[PDB]
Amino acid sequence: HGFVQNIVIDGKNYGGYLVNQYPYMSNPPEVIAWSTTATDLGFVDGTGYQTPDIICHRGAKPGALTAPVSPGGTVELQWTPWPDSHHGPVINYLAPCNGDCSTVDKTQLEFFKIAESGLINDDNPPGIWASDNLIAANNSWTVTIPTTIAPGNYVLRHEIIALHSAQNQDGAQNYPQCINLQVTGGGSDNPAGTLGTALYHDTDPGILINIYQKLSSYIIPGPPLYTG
């Protein structure tokens, strides 16, 4: 359980959607982060993978604001403290807004995978995962925006999938968090995208999995990584 509280881009902080605060206030601020209704700080499990909740989390709506990113710049997402038990991959996607991200129809977003990290070491099951790297980095993840994609406005869909209960069907816990970015530079690719509701299925080999056994490999969920 947790959420993204802060985003660091080009030497400033952009506050996140504080789902434990803003849903209870009259006058929540405009932010680059999507609003959600996930006030339990929880997840979308496999029962939700073919529902709109998986796109940017339960009840999500676009952020009002969009953050510029320098060409090939970084976006650092800072989480609330991530539980050690919640082992799993960290995955990042972009989808073009083709206009202002604040007015996009989330159900039409076509995401391409720009980064993925999975099982890092398995000397001591259940092992060390990308989520454990995130914890070790004081609950942070750094995304590098590709220089090879067409400039424009994009949604970044940043996600942890916790696998501590994933031995049974619909037991994996997905924690998507979306933010709005303006990508800048000289790239030209328009990578092939996947609708949010087509990213995952509840029988995928990196979804329906017993992490407590020895693992010789791990198939990170979702469509293929884009590399320009």
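One rule holds for the numbers: they count along the sequence shown, beginning at 1. Only the largest set of C-alpha atoms that superpose within 1.5 Å between the two forms is called the rigid core.
**Message:** After superposing on the rigid core, which of 24-32 and 161-169 has its C-alpha atoms sitting farther from this form in 8 other deposited structures of this protein?
**Reply:** So, of the two stretches, the farther one in 8 other deposited structures of this protein is 24-32.
**Prompt:** Comparing 148-156 with 100-108, which has the greater mean CA B-factor as deposited?
**Reply:** According to the entry, 100-108 carries the higher average C-alpha B-factor.
**Asked** Of the two stretches 174-182 and 189-197, which shows the higher Cα B-factor on average in the entry?
**Response** Looking at the recorded C-alpha B-factors, 189-197 comes out higher on average.
**Prompt:** Lowest, middle or highest third: where is residue 222 by C-alpha B factor in its chain?
**Reply:** For residue 222, the deposited C-alpha B-factor lands in the middle third.
**Request:** Select lowest, middle or highest to describe the third in which the CA B-factor of residue 66 falls within its chain in this entry.
**Result:** It falls in the middle third of the chain.
**residue 209, C-alpha B-factor rank within chain (lowest, middle or highest third)** = Ranked within chain, residue 209 CA B lands in the middle tercile.
**Prompt:** If you rank the chain by CA B-factor, which third does residue 132 end up in: lowest, middle or highest?
**Reply:** Answer is lowest: the recorded C-alpha B-factor places it there.
**Request:** Comparing against every modelled residue in the chain, figure out the third that the C-alpha B-factor of residue 9 lands in (lowest, middle or highest).
**Result:** It falls in the middle third of the chain.
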